[PDB]
Amino acid sequence: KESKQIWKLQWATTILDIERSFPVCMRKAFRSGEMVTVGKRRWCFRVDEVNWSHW
Amino acid sequence: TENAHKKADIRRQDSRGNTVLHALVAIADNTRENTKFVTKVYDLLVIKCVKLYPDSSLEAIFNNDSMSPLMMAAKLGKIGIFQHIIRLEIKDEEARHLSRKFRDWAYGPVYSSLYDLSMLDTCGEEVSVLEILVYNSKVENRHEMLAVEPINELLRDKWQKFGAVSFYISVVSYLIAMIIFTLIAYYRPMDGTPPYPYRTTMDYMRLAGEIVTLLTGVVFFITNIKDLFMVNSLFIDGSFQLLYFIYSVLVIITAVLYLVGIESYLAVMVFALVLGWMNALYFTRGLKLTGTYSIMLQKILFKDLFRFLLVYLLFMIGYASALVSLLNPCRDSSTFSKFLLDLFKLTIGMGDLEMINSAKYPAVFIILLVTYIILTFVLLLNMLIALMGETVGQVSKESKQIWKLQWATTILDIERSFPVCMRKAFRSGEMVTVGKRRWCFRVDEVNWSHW
Amino acid sequence: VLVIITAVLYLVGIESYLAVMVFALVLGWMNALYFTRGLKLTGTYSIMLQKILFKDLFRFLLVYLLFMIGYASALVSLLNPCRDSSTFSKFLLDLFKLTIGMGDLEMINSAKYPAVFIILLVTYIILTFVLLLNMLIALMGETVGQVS
């Protein structure tokens with residue numbers, strides 16, 4: 001159990017330590033997510049799905 | 001399909017040359033729901049293709065890569081459409097000549113099914129289904145995909161015909177390489193000044209044996225280091241490949257030493273001769289088909305001990321080449337031979353050194369030697385942790401996956417070895433005239449239900 | 001093993017049989033310490049292990065001794081001039097000492113051919129170190145899947 005727990009934890013731990021390393025100018029450059037104008041616009045993230053049900 | 005203005009041609013391809021069946025394979029996600037209806041459509045289209053066109057079958061049309069829908073399903077790692085094309089028995093009685101599964105005789109409890117080897121073992125054709133299962137598909141599902149019904153018995157066909165034969169040739173062809181090397185060793189002139197004038201015809205005969213012996217060790221040396229960067233325990237267990245490598249190392253070391261001019265090559269030359277006859281003790285096992293868990297272990301044993309030797313020897317060369325660079329006055333070009341000689345002895349513990357006096361700088365020699373133990377002791381524990389960090393979680397699955405995979409991998413490499421004339425001889429499957437005749441394969445069954 | 005070795009040595013004519021003869025006498029009374037367990041009926045997992053421990057260490061000894069005899073018999077065949085029939089006793093005596101590390105040799109001078117003696121001795125370690133790991137991998141490749 002734990003070897004697939006801390007490995008997931010440390011994978012998340014390091015990438016945020018990389019995120020703290022960049023300045024505020026380069027932070028906005030490789031930012032994930034897109035502006036999708038919904039409603040009456042926000043920085044949301046696109047996620048794909050595949051489903052054969054719900055007809 | 002049926003209309004009044006214009007119909008839809010089922011045989012129509014696309015810019016990728018794919019028909020209607022190939023798109024069904026490409027969307028065949030191996031789930032519960034998606035494997036259901038694709039089998040319904042696949043039966044629906046082919047019957048409709050025969051009813052509208054009795055001459056042509058829809059499975060016959062290939063692609064720009066000459067791929068059937070059965071050929072395509074092995075590429076993209078599809079299972080549900082794969083197990084349905086193999087288990088294809090059509091009740092429509094007009095699309096019957098393209099059905100795949102048959103029923104020969106049903107004497108009570110024993111059913112006699114019949115699978116066609118139409119594209120499974122392509123004898124004199126371009127490329128097979130089974131070849132793409134092994135040589136081309138890089139999908140994880142290939143372990144499950146070989147566990148379909150006919151291929152579990154199709155691989156046992158050609159294993160029983162070609163396994164015992166190809167193994168016995170491998171035993172003899174190793175014995176040929178040994179008896180050659182015995183005639184080299186016991187017939188040396190042995191003066192003390194190597195090499196020799198190679199003018200005598202009866203000495204020219206044993207000269208040819210060095211071509212046979214050395215180059216065999218060279219091919220085994222350079223392919224495995226390439227295979228490392230880029231353990232067939234079926235025949236011979238994986239401990240032999242490391243030991244035959246050590247045999248291969250000592251041959252090319254031997255070939256250097258009588259070309260340098262040092263006559264002490266004779267010790268190493270007969271040394272590997274002792275191992276090579278004692279390497280034959282792995283031939284007495286026979287043949288192994290049941291997979292153990294140590295088989296995947298011995299690859300990493302071979303993977304890292306070869307790394308352990310190179311990290312040794314480069315460190316010994318590098319530290320010896322380091323100490324020559326400390327010598328600013330002239331130093332001599334023969335000192336590097338004396339640094340490296342006095343450096344190997346410390347790791348063994350001979351204490352027969354020539355240059356390094358430990359009484360001169362004792363407080364430095366110890367703390368380098370103590371740290372040398374600590375460097376080596378951790379690299380030994382990197383072996384054991386890499387083994388203990390392997391035999392716990394998913395070794396219960398993968399060791400019965402690659403063992404099934406490598407069993408299938410080797411038998412097709414044996415199949416590529418035979419010519420086209422001997423290929424047709426021990427071909428599995430029989431001609432059973434069904435319909436209005438094909439090379440199908442007989443499969444037995446036992447069932448107490450279906451009454 | 002030590003009994004049949006003992007039976008040879010006083011038939012050869014060498015009176016140093018008495019050391020080995022009383023040596024096995026010490027073990028045989030100390031082998032009686034396995035009698036104090038009693039009787040075992042609950043199966044452990046180490047029981048199948050110790051067969052392979054006995055299976056391969058007996059193979060480990062024979063692959064040792066045949067290699068020591070074979071390499072000693074090899075080096076006699078290098079001797080083209082006459083050599084003497086008592087050299088094989090002296091090759092084999094000077095060959096066992098290297099594996100222990102006695103350094104009390106009689107024939108082989110490591111100062112004569114140092115660059116060859118090391119690279120044979122280094123490879124001798126590598127041969128023996130892998131055969132030790134063949135024990136551990138055969139045990140680790142056993143106590144995982146179907147030993148339960």
# chains A, B, ... in the order shown; residues from 1 in each chain; ligands from 1
>>> residues_around(residues="residue 43 of chain A", least_positions_apart="3", cutoff="10 Å", atoms="only C-alpha atoms", output="VMD selection string")
chain A and resid 31 to 37 46
>>> closest_atom_pairs(of="chain A", to="chain B", cutoff="9 Å", atoms="only C-alpha atoms", output="JSON lines")
{"residue": "A:1", "atom": "CA", "partner": "B:393", "partner_atom": "CA", "distance": 8.9}
{"residue": "A:51", "atom": "CA", "partner": "B:34", "partner_atom": "CA", "distance": 9.0}
{"residue": "A:52", "atom": "CA", "partner": "B:34", "partner_atom": "CA", "distance": 6.6}
{"residue": "A:53", "atom": "CA", "partner": "B:33", "partner_atom": "CA", "distance": 7.7}
>>> residues_around(residues="residue 202 of chain B", least_positions_apart="6", cutoff="12 Å", atoms="only C-alpha atoms", output="mmCIF file with N, CA, C and O atoms, in the first residue's frame")
data_model
loop_
_atom_site.group_PDB
_atom_site.id
_atom_site.type_symbol
_atom_site.label_atom_id
_atom_site.label_comp_id
_atom_site.auth_asym_id
_atom_site.auth_seq_id
_atom_site.Cartn_x
_atom_site.Cartn_y
_atom_site.Cartn_z
ATOM 1 N N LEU B 183 41.228 -28.868 -29.042
ATOM 2 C CA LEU B 183 42.276 -29.114 -30.009
ATOM 3 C C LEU B 183 43.209 -27.937 -30.145
ATOM 4 O O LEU B 183 44.342 -28.119 -30.567
ATOM 5 N N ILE B 184 42.761 -26.738 -29.800
ATOM 6 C CA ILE B 184 43.643 -25.594 -29.808
ATOM 7 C C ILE B 184 44.603 -25.676 -28.646
ATOM 8 O O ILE B 184 45.797 -25.492 -28.820
ATOM 9 N N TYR B 187 47.359 -28.670 -28.397
ATOM 10 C CA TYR B 187 48.248 -28.782 -29.534
ATOM 11 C C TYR B 187 49.062 -27.522 -29.746
ATOM 12 O O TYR B 187 49.552 -27.292 -30.849
ATOM 13 N N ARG B 188 49.206 -26.696 -28.719
ATOM 14 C CA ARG B 188 50.032 -25.517 -28.830
ATOM 15 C C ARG B 188 51.487 -25.921 -28.865
ATOM 16 O O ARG B 188 51.877 -26.902 -28.240
ATOM 17 N N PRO B 189 52.310 -25.188 -29.607
ATOM 18 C CA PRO B 189 53.724 -25.534 -29.638
ATOM 19 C C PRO B 189 54.438 -25.207 -28.350
ATOM 20 O O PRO B 189 55.340 -25.947 -27.968
ATOM 21 N N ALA B 208 42.558 -22.076 -37.642
ATOM 22 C CA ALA B 208 41.192 -21.775 -37.985
ATOM 23 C C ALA B 208 40.281 -21.864 -36.781
ATOM 24 O O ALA B 208 39.246 -21.214 -36.756
#
>>> interface_residues(of="chain B", to="chain C", cutoff="6 Å", atoms="only C-alpha atoms", output="list in words")
residues 293, 294 and 396 of chain B
>>> residues_around(residues="residue 135 of chain B", least_positions_apart="3", cutoff="8 Å", atoms="only C-alpha atoms", output="number ranges by chain")
B: 131-132, 409
>>> select_by_dssp(residues="segment 6-148 of chain C", states="helix (DSSP H, G or I)", output="count of residues only")
99
>>> atom_distance(atom1="atom CA of residue 424 of chain B", atom2="atom CA of residue 143 of chain B")
28.2 Å
>>> atom_distance(atom1="atom CA of residue 434 of chain B", atom2="atom CA of residue 124 of chain B")
22.1 Å
>>> atom_distance(atom1="atom CA of residue 343 of chain B", atom2="atom CA of residue 315 of chain B")
10.6 Å
